[PDB]
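Engineer: experimental structure and sequence below, a few questions after.
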Amino acid sequence: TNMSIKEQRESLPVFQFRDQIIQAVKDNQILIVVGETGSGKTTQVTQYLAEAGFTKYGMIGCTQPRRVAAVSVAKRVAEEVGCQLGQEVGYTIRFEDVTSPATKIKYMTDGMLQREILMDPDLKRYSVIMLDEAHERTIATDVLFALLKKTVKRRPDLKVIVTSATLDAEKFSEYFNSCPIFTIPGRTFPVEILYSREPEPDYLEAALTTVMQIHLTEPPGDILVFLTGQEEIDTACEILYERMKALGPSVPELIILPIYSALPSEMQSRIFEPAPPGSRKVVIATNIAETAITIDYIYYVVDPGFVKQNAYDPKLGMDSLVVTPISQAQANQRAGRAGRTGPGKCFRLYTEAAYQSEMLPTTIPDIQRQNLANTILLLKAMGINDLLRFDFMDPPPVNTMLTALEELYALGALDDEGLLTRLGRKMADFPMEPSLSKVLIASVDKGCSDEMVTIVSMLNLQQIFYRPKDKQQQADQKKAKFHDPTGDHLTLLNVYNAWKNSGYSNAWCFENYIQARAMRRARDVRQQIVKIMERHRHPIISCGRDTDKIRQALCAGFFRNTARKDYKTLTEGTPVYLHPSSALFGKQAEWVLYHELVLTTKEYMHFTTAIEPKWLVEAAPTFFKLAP
RNA sequence: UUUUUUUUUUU
């Protein structure tokens, strides 16, 4: 049984406020909890309420923005409770419902509560909902603010806790009917903040220069540096290696480790391995290392002050990944990573005035800079109509919502009055953007649903093809073996099929430079998608060698994303470019359909496939007029 | 024409 586990729970700062928070949650229906980093609110508050009997008539739900945090928090809470995982304490995430009729405390992804609230608007199974990591501002969390604010009026018994950063506390309060704010101190350590005197013309080189000084002019302690992209991070490690070699073998070893989402898990694990005696560790990271990945024994942070941010342009149907200055909170999250284990220093390569007057206090929330076609279909399915007037804490741009409503109209998900159609309600069952659900349903009439479920499973995935620095040409040679003459959609089909016919081999993934993590998730998606298809009584049909049927069906959902070769978009005529990764790169194709258009260094079409103009007027008869 | 930060979901 537990020996010293009780001491661990009572050692946490939140234990000093135990009695007071239990009182605050019986007093107030909605409550804001600000808990600084070390507080222990995540693991304890759920248990404090269960211990006070809040579990008697209702279950306790706690949302997390990330899957890994739902499982890790649930596992830790379960050991403190002393019960098997999935009994008294459980977690629910996509493809992993680890709960049983005995579960009184349930940790889940925000996304999961979003999806639950569609089938049960009053969330009858739950007595208490806690939204953890509310400061992250994930679209799901922002949606849950609005829905739960309406749910509280419907059910007076149900209690809601919402977490917040200190700066947004009063904002969140006024949103939630000016309910009270409970503050809980953390255990974090001081961090000395060093601003640059004159701004640095090259942030990459300045960051590398700062890393060398810290390694040679500072006491023992590992370094976390934040850069923006995998290619930039990969290049920085080689440059920093070359520079340390150039200095003698007299100088202490500096161990240079990249960290990014694209990186394989085996390579990711080494950043946690401790530094041999007399060595220093420098992790070169994206913003993945702000919240998502936690690295022990970090005492120095290099903050060049740049992140790659998403921004959606609805008039152009284009995402922008631009390197932009980070928010003040982001800089503070980056700084705080050196004070987690013990006291530390953070080297910001910008002026103090630049931080104070040239940096936004908070990062723009996601709901205000992503395509919302998905979110709006879900809210329509929940029976909400005047979405322009919907009660979002931070309302998204009006043009973005209007284009999302126009896209749902064009797919048949809304009628001329903007009410949800029978088709729309069906498309809302599919956990994907409407355009993909549209294509799955078009694929039944075309006789190609078997291929289309594979293709739609591969659209969801991130970093399908692995491109390591030293073996870039070897990777592209192996990728080209799968190229379909028509383009990227049937290449994804080829890749999934070759993996299946390899016996789902990790070795075959490694030898063909393909991320097994991606193929594994696609398979799990394909199984969930097939179950949804059976439920709506849509047969799974193979088109055999007749792959024109797949391309015809794709026209049903992606007609808006189309271009014609000088490429220019048919809808606006804006110039767009084939991505160098595309199976169509070297190749001629007059008419093209693309999954997504993203401005990095160029306006690049993603997953482009060659199509025939007749299919566009076949698939979308009202959205193409003919003319000589 | 030469390469995308981070994350979420069936009934």
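Structural biologist: Perfect, thanks for sending it. Numbering: from 1, shown residues only, chains lettered A, B, ... in the order given.
Engineer: in chain A, spot the helix with the most residues.
Structural biologist: helix A:516-535 (DSSP state H).
Engineer: could I have the CA atoms of it written out in PDB?
Structural biologist: This file holds the C-alpha atoms of helix A:516-535, laid out as PDB (Å, rounded to 0.1, in the frame of the first residue of the first chain):
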ATOM      1  CA  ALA A 516       4.700   4.500 -38.000                       C
ATOM      2  CA  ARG A 517       2.900   6.900 -35.400                       C
ATOM      3  CA  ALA A 518       0.900   8.400 -38.400                       C
ATOM      4  CA  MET A 519       0.000   5.000 -40.000                       C
ATOM      5  CA  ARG A 520      -1.000   3.700 -36.500                       C
ATOM      6  CA  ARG A 521      -3.400   6.600 -36.000                       C
ATOM      7  CA  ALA A 522      -4.800   6.400 -39.500                       C
ATOM      8  CA  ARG A 523      -5.700   2.800 -38.900                       C
ATOM      9  CA  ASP A 524      -7.500   3.700 -35.600                       C
ATOM     10  CA  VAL A 525      -9.400   6.500 -37.600                       C
ATOM     11  CA  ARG A 526     -10.300   4.000 -40.400                       C
ATOM     12  CA  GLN A 527     -11.800   1.600 -37.800                       C
ATOM     13  CA  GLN A 528     -13.800   4.400 -36.100                       C
ATOM     14  CA  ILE A 529     -14.900   5.800 -39.500                       C
ATOM     15  CA  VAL A 530     -16.000   2.300 -40.700                       C
ATOM     16  CA  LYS A 531     -18.200   1.900 -37.500                       C
ATOM     17  CA  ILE A 532     -19.800   5.300 -38.200                       C
ATOM     18  CA  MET A 533     -20.500   4.200 -41.800                       C
ATOM     19  CA  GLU A 534     -22.200   1.000 -40.700                       C
ATOM     20  CA  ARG A 535     -24.400   3.000 -38.300                       C
END
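Engineer: tell me how many other residues surround whatever residue of the stretch 1-150 of chain A ends up closest to RNA strand B.
Structural biologist: The nearest approach of the stretch 1-150 of chain A to RNA strand B comes at residue A:111, 1.7 Å away (Cβ to the nearest atom of the strand). (Each C-beta comes from the backbone N, C-alpha and C, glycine too.) Each residue near residue A:111 was counted by other Cβ atoms under 10 Å, and the total is 21.
Engineer: could you double-check that residue A:584 lies in contact with residue A:487?
Structural biologist: Yes. The pair residue A:584 / residue A:487 is scored as a contact, 4.5 Å apart, by Cβ atoms under 8 Å.
Engineer: common neighbours of these two, please.
Structural biologist: Counting by Cβ atoms under 8 Å, 6 or more residues apart in numbering, the common neighbours of residue A:584 and residue A:487 are A:592, A:608-610.
Engineer: who are the contact partners of the closest residue to the residue of the stretch 1-150 of chain A closest to RNA strand B other than its chain neighbours?
Structural biologist: Sequence neighbours aside, residue A:140 is the residue nearest to residue A:111 in space, at 4.6 Å (criterion: Cβ to Cβ, 6 or more residues apart in numbering). Residues in contact with residue A:140 (Cβ under 8 Å, 6+ apart) are A:63, A:65, A:109-111, A:113-114.
Engineer: name the SS class of residue A:140, please.
Structural biologist: Using DSSP: H, G, I helix; E, B strand; the rest coil, the structure places residue A:140 in helix.
Engineer: one step back: narrow the shared contacts of residue A:584 and residue A:487 to those in strands?
Structural biologist: Taking DSSP state E as the definition of strands, the shared contacts of residue A:584 and residue A:487 contribute A:592, A:609-610.
Engineer: what about stretch A:411-418, near RNA strand B?
Structural biologist: No. Using Cβ under 7 Å from any atom of the strand, stretch A:411-418 stays clear of RNA strand B, coming no nearer than 14.6 Å.
Engineer: who's in contact with the residue in the stretch 201-350 of chain A that RNA strand B sits nearest to?
Structural biologist: In the stretch 201-350 of chain A, the residue that lies nearest RNA strand B is residue A:229 (2.7 Å; Cβ to the nearest atom of the strand). For residue A:229, the contact set (Cβ under 8 Å, 6+ apart) comprises A:286, A:308.
Engineer: do the same with residue A:525
Structural biologist: Here residue A:525 is in contact with A:456-457, A:460 (Cβ under 8 Å, 6+ apart).
Engineer: which non-adjacent residue is nearest residue A:430?
Structural biologist: Nearest one to residue A:430, counting by Cβ to Cβ, 6+ apart, is residue A:437 at 3.8 Å.
Engineer: what about the one you found, which SS state?
Structural biologist: Three-state assignment for residue A:437 (three-state DSSP): helix.
Engineer: so who does it touch?
Structural biologist: Residue A:437 sits next to A:426-427, A:430, A:557 when contact means Cβ under 8 Å, 6+ apart.
Engineer: and which of those is nearest to residue A:505?
Structural biologist: Among those, residue A:430 lies closest to residue A:505 (Cβ to Cβ), at 29.5 Å.
Engineer: could you measure from the closest one over to residue A:139?
Structural biologist: 17 Å (Cβ to Cβ, to the nearest Å).
Engineer: ok, now residue A:358?
Structural biologist: Distance, residue A:358 to residue A:139, using Cβ to Cβ: 28 Å.
Engineer: ok, those two, which is more surrounded?
Structural biologist: Taking neighbours as other Cβ under 10 Å, residue A:358 and residue A:139 compare with residue A:139 leading, 20 against 12.
Engineer: so the more buried one sits against residue A:375, correct?
Structural biologist: Yes. Counting by Cβ under 8 Å, residue A:139 touches residue A:375, with 5.8 Å between them.
Engineer: quick check: neighbours shared by these two?
Structural biologist: Joint contacts of residue A:139 and residue A:375 (Cβ under 8 Å, 6+ apart) are residue A:367.
Engineer: closest point of the stretch 301-450 of chain A to RNA strand B, which residue?
Structural biologist: Scanning the stretch 301-450 of chain A for the residue nearest RNA strand B gives residue A:431, at 2.7 Å (criterion: Cβ to the nearest atom of the strand).
Engineer: that residue - how many residues pack around it?
Structural biologist: Counted with other Cβ under 10 Å, residues neighbouring residue A:431 total 17.
Engineer: over to residue A:286?
Structural biologist: When neighbours are counted by other Cβ under 10 Å, residue A:286 registers 23.
Engineer: would you mind listing what in the stretch 351-500 of chain A touches RNA strand B?
Structural biologist: Contact residues, the stretch 351-500 of chain A versus RNA strand B (Cβ under 7 Å from any atom of the strand): A:374, A:428-433, A:460, A:462-463, A:467, A:472, A:476.
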